[PDB]
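Mapped onto the entry's author numbering, the consecutive letters of the sequence shown carry residue numbers 114 to 342, 358 to 397. Where a beta carbon is used, it is the ideal one built from N, C-alpha and C, also for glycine.
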Amino acid sequence: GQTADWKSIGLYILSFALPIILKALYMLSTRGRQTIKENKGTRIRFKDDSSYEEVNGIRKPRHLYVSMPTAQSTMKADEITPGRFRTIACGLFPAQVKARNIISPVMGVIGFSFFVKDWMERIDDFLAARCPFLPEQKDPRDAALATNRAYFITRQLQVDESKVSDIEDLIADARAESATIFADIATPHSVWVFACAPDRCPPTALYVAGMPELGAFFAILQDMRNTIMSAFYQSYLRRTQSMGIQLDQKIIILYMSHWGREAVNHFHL
């Protein structure tokens with residue numbers, strides 16, 4: 114699909130109290146098929162005491178509604194599907210997801226908890242390392258120009274021109290509501306946007322150099338693990369690239385060469 118209205122879907126979600134969002138995300142991330150096949154009707158209704166409206170001065174509960182898995186078909190661009198909800202909420206609240214250690218089993222079994230354990234050091238070591246396909250500088254002091262960090266700056270300058278107004282709008286409106294958004298992969302919660310296994314790169318992270326590709330790295334591990342025991361990478365690729373950016377396949381190679389062997393040793397088999 115390509116046609117999701119993230120600005121609008123994001124407006125809806127950001128107007129809710131956090132505890133009801135985290136409940137919905139939790140339920141649909143770790144109990145997805147279990148909550149769907151027990152839901153009466155066309156919508157999945159979440160309740161929470163944190164979530165209320167006032168109807169002419171009187172306080173009344175405000176439920177969060179996600180619409181059941183429509184197999185495409187009647188999908189309004191506006192429609193908050195389980196997949197669309199997960200994707201956007203993952204990007205909007207990764208620090209809160211981290212704080213609660215919410216992890217989708219789908220990510221847990223490719224060793225996500227071990228992987229993000231010392232994430233800040235792990236990403237730093239990655240960015241500090243030599244990038245095989247940048248040349249060596251002839252002045253020894255310019256050596257940083259040959260690192261993965263250098264390569265991500267060029268990537269950042271490249272993704273900056275492929276920005277769409279509606280996703281920049283959503284990002285704008287995310288800041289205006291104190292969401293735990295971020296501008297750089299080298300930040301404590303960047304990797305946590307994938308804890309709940311969004312089906313694509315979350316829109317608010319699309320334009321941070323390396324992020325769409327990080328999600329792709331995880332998806333390939335899913336396929337790898339699945340092989341050891358599926359189209360996780362191809363599905364993620366298709367859906368992410370339908371948001372209007374193309375993945376940098378060179379970055380995925382860097383991620384895999386750096387982290388691949390160790391990741392496999394931490395699969396749950």
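A distance below 7 Å separates the beta carbons of residue 279 and residue 120. Under the three-state reduction of DSSP output, residue 149 falls in the helix class. If the five residues before and after residue 125 are omitted, its C-beta is found closer than 7 Å to the C-beta atoms of 193, all from its own chain and listed in chain order. Residue 196 and residue 256 have their C-alpha atoms some 43 Å from each other.
For residue 390, there are no CB contacts under 8 Å within the same chain when 5 residues up- and downstream are skipped.
The C-alpha of residue 364 is placed about 24 Å away from the C-alpha of residue 235. In the pairwise beta carbon analysis, the segment 185-192 is classified as not touching the segment 287-304: fewer than three pairs are separated by under 8 Å. Looking only at 214, 370, 200 and 240, the smallest Cα-Cα distance to residue 230 is reached by 214.
With fewer than 16 other Cβ atoms from the protein chains shown falling within 10 Å of its own Cβ, residue 266 counts as exposed. Annotation: the segment 153-181 contains no complete segment of the alpha helix (DSSP H) (minimum length 4 residues). Contact between residue 323 and residue 298 is confirmed by a C-beta separation of about 4 Å, below the 8 Å threshold. Considering only 367, 333 and 340, the residue with the shortest C-alpha distance to residue 361 is 333.
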